[PDB]
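Beneath this line is the structure, given in C-alpha cells, with notes to follow.
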Amino acid sequence: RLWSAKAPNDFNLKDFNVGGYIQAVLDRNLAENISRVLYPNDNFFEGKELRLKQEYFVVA
Amino acid sequence: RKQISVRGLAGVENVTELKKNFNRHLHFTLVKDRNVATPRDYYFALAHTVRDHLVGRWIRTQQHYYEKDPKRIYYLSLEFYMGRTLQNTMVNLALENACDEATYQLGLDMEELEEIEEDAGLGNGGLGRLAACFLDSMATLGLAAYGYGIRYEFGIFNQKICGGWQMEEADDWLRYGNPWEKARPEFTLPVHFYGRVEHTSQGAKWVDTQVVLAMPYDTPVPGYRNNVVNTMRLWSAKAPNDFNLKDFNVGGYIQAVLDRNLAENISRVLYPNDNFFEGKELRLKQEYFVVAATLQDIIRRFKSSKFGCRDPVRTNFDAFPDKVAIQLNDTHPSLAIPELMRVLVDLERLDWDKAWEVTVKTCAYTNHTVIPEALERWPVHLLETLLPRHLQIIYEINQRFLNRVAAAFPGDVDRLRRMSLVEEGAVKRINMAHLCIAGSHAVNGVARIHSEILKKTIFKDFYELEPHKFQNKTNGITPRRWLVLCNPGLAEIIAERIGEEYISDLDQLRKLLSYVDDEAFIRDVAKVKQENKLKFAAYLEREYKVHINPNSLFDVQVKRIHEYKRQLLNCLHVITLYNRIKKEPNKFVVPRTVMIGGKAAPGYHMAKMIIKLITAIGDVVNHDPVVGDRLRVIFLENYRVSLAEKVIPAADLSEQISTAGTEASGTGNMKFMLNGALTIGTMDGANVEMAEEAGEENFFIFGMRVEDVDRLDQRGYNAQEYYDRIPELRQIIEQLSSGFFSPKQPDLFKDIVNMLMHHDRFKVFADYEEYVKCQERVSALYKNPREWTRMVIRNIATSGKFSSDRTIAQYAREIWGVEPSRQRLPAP
Amino acid sequence: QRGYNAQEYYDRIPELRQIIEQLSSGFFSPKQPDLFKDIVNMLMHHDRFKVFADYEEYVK
Ligand SMILES: *Cc1c(COP(=O)(O)O)cnc(C)c1O
C-alpha cells in the first residue's frame, strides 16, 4: 500500500483566505510534489525540507 | 488476430449471467468483498455490470461507422448537463427488469443503489440540458453524432441553504471515479496559447507559445433500443510535466508553478456565462481549448476513417462539408470558425478563398439570446496577446465581409459600421456574434417568436443581405428521460392504452386526446399524480424535511434565480394568500404547497437576497398556527437534473412567469407539460407554441404582452401608481419593509423593497393583479378533479411538437444534411 | 412619494424631445451613433438624480 499526496481542492473559497490571496497556489504544488520525485539519501543537495516532508508523510 | 473478438462476450441477458457478471466486478474490478462493501461499492459494481453490455455496442457502432463512413455531426459545447446514467442506461438497452431481478435475488435494492450515483457534475442549466437531450435524440435517430466539451473536475457549485442564506459548497463529483468514462491518455493534444506571428515566405507561423495538454475523456451515449451508442469526447487540461529544467530556464525562478495551475484550472471550474466577474482571460482561455483540441481531433478523423482513400482531390476539404458538420451552441465555440481557417490556410495550405467555402459550409450557429447586450464580445487587446494569429484572421474576415456587404449595398457606409466584426468605441472589441453568422451558412434561433426577433431587429442587416441563412428549430425534450424513466407510472398507462410507440416519436401521444372522457383513464391519470406527489411528500421529510400535505395543489417554480424570471411576483402572491388565510381564517382556500427551486449565481446580490426572502417567508407561514396545511412555502435545495427528475413528475401547477418577451424558449416548460401539470405563464418563450398546440383554453396565460410591455415603457413604468391602486400590494410591501418577515433584522429586506418600488427593471408590480387573478382561476378549477385531469389530458396528448427527436430531425434534415434513420442495428 | 416619471417632461418640452433626440439619433457622434444610448436610457428611464425635472427652471 503506497501513498500519493493530494491537496484539498477547496482553494477558491475554503477557510475564507482567498479571492484576496493565493500564496496557496503553492500548497497544492509543494504537496503534489511530495510524491512526484524520489530524493535518494547519502547525497542529495542539502538536507531539504521536502525530504522531511516525504518521510513524515509516509509515516503519518 | 481474428480470434481477438468481441463476438463472444456476455451471455443471454440472463439475471443468471447478470448476477454472475455483477460478482466479478465487485471482487475483481473493485477488489472488494461482501463483508467490506459499501452501498457505494455495490453501486459501482452494478454500474460496471450494465457497462460491459453498454460498451460492446459502442465498439460495434463506431467500427460500423468506420466501414459505412457517414458524415459526422459534432455537437460542440462548453456544458453537457448530463444528469445520472445508471437507470437511463438500463432502460435504453432493455436491462431494467433483468438488472432489477438480478440485484433483488442478490439481496440488494436497485432504486436504492441508483440513488448513490451523483449527477455528472458537467453542465449548469439550459444550454447544456438541451445538449444532453439533443445527444440522446441524435443517438435514437440513428445520426452519426459526437458530443465535444470540457470535462469539469468540479462542475458548477452546490447549493446548501444555511441560515436561510444560500451557500455554495464545491462539487468534487470526481471523488470516487465516474464509472461511465474511459480516460483516453493515448489521444492527447497540445493547445497553443500566447506566442508570436512571424511571416515565413511560404506562410505565417505561430511561434513561441505556452502549450497546455488536452487529454480526452470518452463517455458512451446509447439510444432507445436501437443499438447505436455514440461518443462524448470531453477534454481536461494538463500542463507539460518537466518542471525542474526543461527549456534550460530553471534552477532560478519558479514562476512555472503557474502554468501547472493556470492550465490545470482551465478544466477545473465552470465560469457560466452572462455573468461571471469580469470577462476574464480564463474564459477565453477555455473557449479556445475545447475548440482547438477538437478541430484537431476532427481533421485527424477526417484524414483516417478510410480517408486517404475518399480523397479524390488531395484529401480535399471539397468533401469536408460532405463528411463533417459543426454545430456551434451559442457564441462559445466562436473561435472554431477562425481556428478552422488557421488550421487550413497555414498548416495544410489551401488558398484563403478555398479554405473559406469549406469553413462557412461546415458550420452552423444556434442562437439563444433575445436581449442583445447579452451577446459575446472579447476586447481586441485580449485577443492580441492570447490568440494573436486568430485576431490576424478575424480581421481579414472582417475586411472581406464588409466588402461583400458593400458588394451588395453601395453608398452605405453606416451599415458597415454595424455589420463589422469590430465594435469601436470605449475600448475596441470583436463582437463574436457577427463572426459566427459570417462564418456560417445556417443561423437558427430556438422558438418561432424568437427566431423571428433575431431576423427582424438584433441580426436585422444580416437578414437583409442574406436571407438563406437564418433558420429556426424551436427547442425540445427527450421522452426517454423525461417520461419513461422519471414517470414510469405515467409512461405505463399511456402505453396501457396506446402501446409503447410514442417513446420513439411523440406525435402518437395525440391519440391520447380521444380518451378525454373514458372515466377510467381519468381516474388513472390522477391515481398516478397522487402516487408521484406522495413519493415527493415522503422524500421531502426523509431526506431533508417539512409536513407536506399530499392533497395540496403542488405549486412549483424551478428557475435560475434571476430578477427577470420573477420569483418575486411568486413571492408576493404567497404573502398575499397568507394574508387572506390570516385575515378571515374560516374560509375555503384550496391548500397549496409552493416550492421554489434554483441556484442563485455567486456575486449576484439580488439573486441571493431573494433566496433569503423565500426562506424567511417559509419560517413565518410554515410555523404560524392559524394557517395549518393551508400553505407551506418550501425552498428547494440544490436543484439539479436528478431532483427535477424527482419534482416535475409530482408537480400540479408550474410557474412559467418571466416578463413577456425575455425568454427564447424554456425546456422545463416542456417537462412539466408532458408530465401532467397545468402551466401558469406570461405569453413568451415557448409558452406561445405550447399554447398553440394545446389550445389557449387549456393554458393559464396572463399579464402584459410584448406590445404593452413596450407601451408601458413609452409612458414610463412607475411601480408606485400600481401600488397606489391595489391595497393588498401596499399590505404586503409594507410587511417586507416593516420587518414583518425578518423579526430580528427590521431594515433587512429593504434591499428588495426599494428595488421593487423605484428601480424595478422588470415590472413585477404591473403584473401583480392579473397574476393573482389567473391563480384564483387555477385554485378554482383544482376544486374540480374530473376537469383538472380532463385539462391535463388535453395538455399532455398535445406534447409531440416538443420531443427533441422532432427538433433534432429538423436539424438533421434541414442543416446537418442527413436523414435521421431509426433502424435497429444489430449486436452482440 | 410621486414616482419621478421622466418621460413626462419629455413630452411637454419640444427642445428636450429634440435634444434626447439628436443624442441617440446619432447627431453628436456619426462614427458611433448608438453611443450615448446609455446616457439616453439613464435620463429617460432610470435617472436617480432627476435631470429632466430640473431642466426648464434651469434653462430659464
Ligand atoms: C431541464 C432542466 C433545466 C431547464 O430549465 P428551464 O426552465 O428550461 O430554464 C435546467 N435545470 C434542470 C435541473 C433541468 O432539469
(message) Please list, ordered by residue number, the helices (runs of 4 or more DSSP H) wholly in the stretch B:278-364 having 2 or more residues that are touching a strand residue (DSSP E or B) at 6+ places or on another chain (Cβ under 7 Å) and at negative phi.
(response) B:281-304, B:336-342
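The rows are residues; the columns are (1) more than 16 Å from the ligand (Cβ to nearest atom); (2) under 21 Å from residue B:82 (Cα atoms); (3) in contact (Cβ under 8 Å) with a residue 24 or more places away in the chain.
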| residue | (1), (2), (3) |
| --- | --- |
| B:470 | yes, no, yes |
| B:485 | no, yes, yes |
| B:488 | yes, yes, no |
| B:491 | yes, no, no |
| B:495 | yes, no, no |
| B:503 | yes, yes, yes |
| B:508 | yes, no, yes |
(message) Considering only residues that are in a helix (DSSP H, G or I) and either surrounded by 20 or more Cβ atoms within 10 Å (Cβ to Cβ) or in contact with a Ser or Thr (Cβ under 9 Å, 6 or more places away or on another chain) (or both), which ones fall in the stretch B:503-520?
(response) B:503, B:504, B:509, B:510, B:512, B:513
(message) Based on this model, can you work out whether residue B:570 counts as more than 16 Å from the ligand (Cβ to nearest atom), of a type in the set (S, T, N, Q) and touching a residue at least 40 places away in the same chain (Cβ under 8 Å)?
(response) no
(request) Being under 17 Å from residue B:284 (Cβ atoms) and among the basic types (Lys, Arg) is the filter here, so list the residues in the stretch B:329-377 that pass it. (result) B:342, B:377
(message) Just to be sure before I move on: is residue B:684 away from the ligand (no atom under 16 Å from the Cβ) and either under 19 Å from the mean Cα position of the chain (by Cα) or assigned by CATH to the domain that holds residue B:555 (or both) in the structure I sent?
(response) no
(request) State whether the residues of the stretch B:634-652 include one that is of a type in the set (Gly, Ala, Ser), within 16 Å of the ligand (Cβ to nearest atom), assigned to a strand (DSSP E or B) and under 25 Å from residue B:611 (Cβ atoms). (result) no
(message) Here's a check for you: in the stretch B:261-303, which residue that is of a type in the set (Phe, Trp, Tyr) and under 25 Å from residue B:174 (Cα atoms) is farthest from the other protein chains (Cβ to nearest Cβ)?
(response) B:288
(request) Show the residue pairs that are 6+ apart or on different chains and have beta-carbon atoms under 7 Å apart, the first residue being within the stretch C:1-16 and more than 8 Å from every other protein chain (Cβ to nearest Cβ) and crowded, with 16+ Cβ neighbours inside 10 Å, the second being of a type outside the set (D, E, K, R) and in a loop (DSSP other than H, G, I, E, B). (result) C:10/C:44
(request) Sort through B:226, B:249, B:241 and tell me the only one that's touching a residue at least 40 places away in the same chain (Cβ under 8 Å) and either outside any strand (DSSP E or B) or surrounded by fewer than 16 Cβ atoms within 10 Å (Cβ to Cβ) (or both). (result) B:226
(request) Filter the stretch B:753-767 down to the residues that are within 12 Å of chain C (Cβ to nearest Cβ) and in a loop (DSSP other than H, G, I, E, B), then identify the one that is farthest from residue B:735 (Cα to Cα). (result) B:761
(request) List every residue pair whose Cβ atoms lie under 7 Å apart, where the two residues are 6 or more positions apart in sequence or sit on different chains, the first residue falls within the stretch B:646-658 and is away from chain C (no Cβ under 14 Å), and the second residue, located anywhere, is near the ligand (Cβ under 10 Å from one of its atoms) and assigned to a helix (DSSP H, G or I). (result) B:648/B:671; B:648/B:672; B:651/B:672; B:654/B:672; B:656/B:669; B:658/B:565
(message) Need the failing condition index for residue B:437 against (1) in a loop (DSSP other than H, G, I, E, B); (2) under 30 Å from the mean Cα position of the chain (by Cα), just the number.
(response) (1)
(request) Scan the stretch B:208-218 for residues that are touching a residue at least 24 places away in the same chain (Cβ under 8 Å) and touching a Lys or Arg at 6+ places or on another chain (Cβ under 8 Å) and report the count. (result) 7
(request) Check B:733, B:808, B:752, B:796 and return the single one that is buried (at least 19 other Cβ atoms within 10 Å of the Cβ) and not assigned by CATH to the domain that holds residue B:564. (result) B:808
(message) Cβ contacts < 7 Å: first residue surrounded by fewer than 24 Cβ atoms within 10 Å (Cβ to Cβ), restricted to the stretch B:321-344; second residue assigned to a helix (DSSP H, G or I) and aromatic (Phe, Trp, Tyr), any location; separation 6+ or different chain. Result?
(response) B:323/B:302; B:324/B:302; B:344/B:317
(request) With the checklist (1) within 24 Å of residue B:230 (Cα to Cα); (2) within 14 Å of chain A (Cβ to nearest Cβ) in hand, flag the one item residue B:176 doesn't pass. (result) (1)
(request) Would you point out the residue of the stretch B:414-473, among those that are among the polar types (S, T, N, Q) and buried (at least 17 other Cβ atoms within 10 Å of the Cβ), that is farthest from residue B:812 (Cα to Cα)? (result) B:420
(request) Report, by residue number, each residue of the stretch B:574-597 that is in a helix (DSSP H, G or I) and over 19 Å from residue B:750 (Cα atoms). (result) B:577, B:578, B:579, B:580, B:581, B:582, B:583
(request) Within the stretch B:376-419, work out how many residues are within 14 Å of chain C (Cβ to nearest Cβ) and aliphatic (A, V, I, L, M). (result) 3
(request) State whether the residues of the stretch B:692-699 include one that is more than 12 Å from the ligand (Cβ to nearest atom), farther than 30 Å from residue B:760 by Cα and either without any contact (Cβ under 8 Å) to a residue 60 or more places away in the chain or of a type in the set (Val, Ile, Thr) (or both). (result) yes
(request) Answer yes if at least one residue in the stretch B:450-462 is within 16 Å of the ligand (Cβ to nearest atom), under 29 Å from residue B:670 (Cα atoms) and in the same structural domain as residue B:367 (by CATH), and no otherwise. (result) yes
(message) Please pick out the residue among B:545, B:582, B:587 that is more than 29 Å from the chain's Cα centre (by Cα), away from the ligand (no atom under 16 Å from the Cβ), assigned by CATH to the domain that holds residue B:783 and without any contact (Cβ under 8 Å) to a residue 40 or more places away in the chain.
(response) B:587
(request) Mind listing whichever residues of the stretch C:17-50 are among the small types (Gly, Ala, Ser) and within 11 Å of chain B (Cβ to nearest Cβ)? (result) C:26, C:29
(request) Residue by residue through the stretch B:279-295, note down the ones that are under 14 Å from residue B:264 (Cα atoms) and among the basic types (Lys, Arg). (result) B:283, B:285
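Can residue C:53 be described as within 14 Å of chain B (Cβ to nearest Cβ) and either among the aromatic types (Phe, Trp, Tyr) or under 16 Å from residue B:713 (Cβ atoms) (or both)?
So residue C:53 does not fit the description; no.
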(message) What's the number of the only condition in (1) away from the ligand (no atom under 16 Å from the Cβ); (2) outside any loop (DSSP other than H, G, I, E, B) that residue B:623 fails to meet?
(response) (2)
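The values are calculated or read from the model by the stated rules, or taken from the named source; none is laboratory data. FYI the Cβ positions are ideal-geometry reconstructions off the backbone, even for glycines, and counts take in every protein chain you see.
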